[PDB]
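Coordinates in review
Each chain, letter by letter, is given below.
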There are 2 protein chains.
Amino acid sequence: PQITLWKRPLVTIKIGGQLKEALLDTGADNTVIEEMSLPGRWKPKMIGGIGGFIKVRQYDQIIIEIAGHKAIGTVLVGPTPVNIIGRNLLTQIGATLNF
Amino acid sequence: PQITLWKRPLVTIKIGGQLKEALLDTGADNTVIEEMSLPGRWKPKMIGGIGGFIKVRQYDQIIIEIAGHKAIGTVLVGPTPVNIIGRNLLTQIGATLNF
Ligand SMILES: CC(C)CN(C[C@@H](O)[C@H](Cc1ccccc1)NC(=O)O[C@H]1CO[C@H]2OCC[C@H]21)S(=O)(=O)c1ccc(N)cc1
Ligand SMILES: [Cl-]
Ligand SMILES: [Cl-]
């Protein structure tokens, strides 16, 4: 796909068996999803942005299907106002910014 | 250019005669720059990111160079942790997301 940026670049993802909407976010180092359960071990992290920091759970080796493309990597879970797909998984689906 | 996302997509911007670095951010509706002086009047705006809301100063029709492309549009000024180029100016330079 080629996604213009007139609107928020939202896509459908599948994570933990669940279908969700998420923002493709080149400004995010890592993927951050709204509170949900995921399997396996986790450890706490703080992530910061405009407005300050939030505490998240870091889960490693999580598979997400993004717009029909499979990716694996770290997923942070916590009180983000929006589900964000960050660069750690955008790279795996071969996403680029072109102009 | 085609910019991959293994590293942060940082580019040089030029505003007010000054070079700065900024993050190309498809997850930002708005362009938000760290405190600096800009000409003209400003209007209030609140923007909401990961850890909460902040007040910023909204300046309209500001001339800004982004990775060597000219844009003229809205620039928000406030305590952002990094200079961010949002969709309002990414559309002006013709950026798309591709995968
Ligand atoms: C601010 C950047 C350095 C980092 N942010 C990614 C960014 O794209 C967020 C992502 C975002 C999007 C919506 C709500 C919260 C956060 N957008 C954002 O704060 O944009 C603000 C300016 O334009 C506005 O439109 C969106 C909110 C405003 S972040 O959400 O704080 C973030 C930080 C660390 C990680 N791992 C993941 C995400
Ligand atoms: Cl990862
Ligand atoms: Cl690559």
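Residues numbered from 1 in each chain as written, not as in the entry; some residues may be left out. Chains lettered and ligands numbered in written order. Heavy atoms only, no water.

In this section: the interface of chain B and chain A. By convention, interface size is frequently given as the accessible area that disappears when the constituent parts associate. Contact with chain B, which involves 37 residues of that partner, is made by 41 residues of chain A. Interface area for chain B against chain A, summed over the two sides, is near 3,700 Å², with a carbon-plus-sulfur share of 62%. Taken together, the links from chain B to chain A amount to 2 salt bridges. Between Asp29(B) and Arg8(A) there is a salt bridge; the shortest N-O distance is 2.8 Å. Between the two partners, chain B and chain A, sit 21 residue pairs in polar contact. Listing elements by their share of the side of chain B that touches chain A, those giving two or more residues are β1 (2-3), β3 (18-24), β5 (43-49), β6 (52-66), α1 (87-90) and β9 (96-98) of chain B. For the side of chain B that touches chain A, the element with the highest residue contribution is β9(B), accounting for 3 residues. Sheet topology note: the strand β9 (residues 96-98) of chain A/β9(B) ladder contains 3 bridges and is antiparallel. Among the inter-strand pairings, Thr96(A) is bridged to a residue of β9(B), identified as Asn98(B). (Contact = heavy atoms within 4.5 Å. Buried area = accessible area lost by both parts, 1.4 Å probe. Salt bridge = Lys/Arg side-chain N within 4 Å of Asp/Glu carboxyl O. Polar contact = N/O pair within 3.5 Å; in protein donor to acceptor, adjacent residues only side chain to side chain. Helix = DSSP H or I, 4+ residues; strand = E, 2+ residues; numbered from the N terminus. Pairing = 2+ DSSP bridges.)

Residue position: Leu5(A) is located in the loop between β1 (2-3) and β2 (10-15). Apart from residues no more than four positions distant in its own chain, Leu5(A) is found in contact with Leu97(A), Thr26(B), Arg87(B), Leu90(B), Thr91(B), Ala95(B), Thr96(B) and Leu97(B).

Quick look at the environment of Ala95(A) now. All names here are of chain A. Following the sequence through the fold, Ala95 ends up in the loop between α1 (87-90) and β9. Overall, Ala95 belongs to the buried group, its relative accessible area being 4%. When the C-alpha atoms of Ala95 and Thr26 are compared, they prove to be 9.3 Å apart, with 69 residues separating the residues in sequence. (Buried < 20%, exposed > 50% of the residue type's maximum accessible area, 1.4 Å probe, protein only.)

Glancing now at the relation of the copies chain B and chain A. Structural alignment of chain B on chain A gives an RMSD of 0.4 Å, achieved by rotating through 178° and translating 0.1 Å along the axis. Put plainly, the chains are arranged around a two-fold axis. When C-alpha distances to the rotation axis are compared across chain B, the minimum falls at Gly51(B), with a value of 2.2 Å. In this assembly, 100% of the residues forming the interface of chain B have copies in chain A that are likewise at the interface, indicating an isologous arrangement. (Least-squares fit on C-alpha atoms.)

This part covers the pairing of strand β3 (residues 18-24) of chain A. Residues and elements named next belong to chain A. The pairing of β2 with β3 spans 6 bridges and is classified as antiparallel. Its bridge partner being in β3, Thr12 is matched across the sheet by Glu21. The hairpin turn running from β2 into β3, its antiparallel successor, is 2 residues long, and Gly16 in that turn takes a positive phi close to 55°. Alignment of β3 against strand β8 (residues 84-85), held across 2 bridges, turns out to be parallel. Across the sheet, the residue bridging to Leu23 is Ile84, located in β8.

Turning our attention to the pattern of salt bridges. Residue and element names in this part refer to chain A. As enumerated under the stated definition, the model contains 7 salt bridges over all chains in all. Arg57 is the salt-bridge partner of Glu35, the closest N and O atoms lying 2.5 Å from each other. Placement of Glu35 in the loop between β4 (31-33) and β5 (42-49) and of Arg57 in strand β6 (residues 52-66) is noted, with a sequence separation of 22 residues between them.

As a matter of local geometry, ligand 1 sits amid 20 residues, with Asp25(A), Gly49(A), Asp25(B), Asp29(B) and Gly48(B) nearest to it. Chains contributing residues to the immediate surroundings of ligand 1 are chains A and B. Within the side chain of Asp25(A), an N or O atom sits 2.5 Å from an oxygen atom of ligand 1. Contact between ligand 1 and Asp29(B): an oxygen atom at 2.9 Å from a main-chain N or O atom of the residue. The protein chains hide 92% of the 710 Å² of surface that ligand 1 would expose on its own. Looking at the shell around ligand 1, the elements that each hand over two or more residues are β5 of chain A together with β5 of chain B. Of the residues belonging to the shell around ligand 1, the class tally is 9 nonpolar, 8 polar and 3 charged. (Near = heavy atom within 4 Å. Areas by Shrake-Rupley, 256 points an atom, 1.4 Å probe, with all protein chains shown as cover. Nonpolar A, V, L, I, M, F, W, Y, C, P; charged D, E, K, R; others polar.)

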